[PDB]
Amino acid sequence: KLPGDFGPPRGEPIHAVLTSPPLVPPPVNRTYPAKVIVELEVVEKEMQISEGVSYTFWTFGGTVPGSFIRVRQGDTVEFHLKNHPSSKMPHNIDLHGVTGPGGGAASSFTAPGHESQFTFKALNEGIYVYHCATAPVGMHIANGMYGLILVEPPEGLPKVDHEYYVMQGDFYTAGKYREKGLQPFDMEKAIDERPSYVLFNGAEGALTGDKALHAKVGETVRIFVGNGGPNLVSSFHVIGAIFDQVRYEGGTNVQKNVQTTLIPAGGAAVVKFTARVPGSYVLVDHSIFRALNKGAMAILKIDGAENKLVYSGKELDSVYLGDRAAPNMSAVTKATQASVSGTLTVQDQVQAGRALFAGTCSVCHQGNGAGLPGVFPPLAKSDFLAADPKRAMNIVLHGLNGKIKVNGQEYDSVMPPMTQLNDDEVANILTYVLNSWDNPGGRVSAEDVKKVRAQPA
């Protein structure tokens, strides 16, 4: 006997309603097997992978991850793949959970402007990755061609207050992290498994700040978590909380009460969270340079009353979250576009630098630039800064140590180098500082910084 042996499809054919991340379709709420028609369209298009950083994504349904599909174990799924006429590449699909060679791949090969279809029975309950399976497959996956299909058990999943859709991926750009412009895919980095970005939902900040997930104290939250890869395994973790349950794919095993759990490349899990105290809870890859240096952070923000008996402390801030502990960094996008257009103003730079200063510089120098007398020197009304703006460029790029005097007080400490900041970022941060806190104004350009980087002091 095969699994999912619930008889022939009954009722009427159902046209599946698919959702865009981070949302999920409603529970199927059905006690009979059905014929479910799924229509998914591939679109190739530029989107912002980071502020001022464009990338040509290849998408299922216009998003990364692709549209979420929700069916019932025992359903017959008639799957239609369309490839938008604007596409340059052929595409196809392999749905994990399908019983059949390639998970659908051979019968879903679809050239630009064409459509394909195939039918499969969903024998297997579980959460499953789907992805493109077109040579070169790794390229297609790296460009964003992955999503999730949920095959519900016949009785449905237990009721929760919220369901969300979060999917990790590793990305490979020719340029370095936060280097502006349209970035090509980089095959060499991809083969070496050396991503420049590691993201949830296709972009830096996709699920931070004003794009956070939400719930309230006392509520339950289910998250369908995918790892599209192509290559990385996620040390998937929630900062400041625990997972009530973690279940991989359609596995019989359910782990309970864990905070950190390994999601294979191509894998998927369902996690459950119960909100207990208010604040921001961070989903990360705890291979932690991915989370805090490459973009792999997402936020579940919980509203409600503090409970001092459980936690006396404060909400997260830029010390931990960095520059993602603001609503957004739109000013960076604006400054980058103004640079391209040749219309970059001092204020454009100031606002971009303000965004970028948070965490990156404020951890030591404070959000108001005051520092801590004798420990961290001030950027506010800083004689040392004003005396030599080129020196300040060198300090950001190359660090500073040894005894200095700032505003009449001696410091004898170490500012590490910050060479990974791009020329525009250094320029904008320093322009912000110069135009704040009674400093002398003026500006630093990306070209100024490029020159200092090419010839350290």
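The numbering used is simple: start at 1 and walk along the sequence shown.
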In the PDB record, does 152 to 160 or 223 to 231 carry the higher mean Cα temperature factor?
152 to 160
Decide which of the stretches 139 to 147 and 325 to 333 has the higher mean C-alpha B-factor, going by the entry.
325 to 333
Maximum C-alpha temperature factor per the entry, among 195, 169, 267, 313, belongs to which one?
313
Among the candidates 252, 293, 259, 201, give the one with the maximum CA B-factor reported in the record.
252
Third of the chain, ranked by Cα B-factor, where residue 339 sits
highest
Third of the chain, ranked by Cα B-factor, where residue 104 sits
lowest
Assigned third (lowest, middle, highest) for the C-alpha B factor of residue 350
highest
By its CA B factor, does residue 110 count among the lowest, middle or highest third of the modelled residues in the chain?
middle
Going by what the PDB entry lists, where does residue 407 fall on CA B-factor within its chain: lowest, middle or highest third?
highest
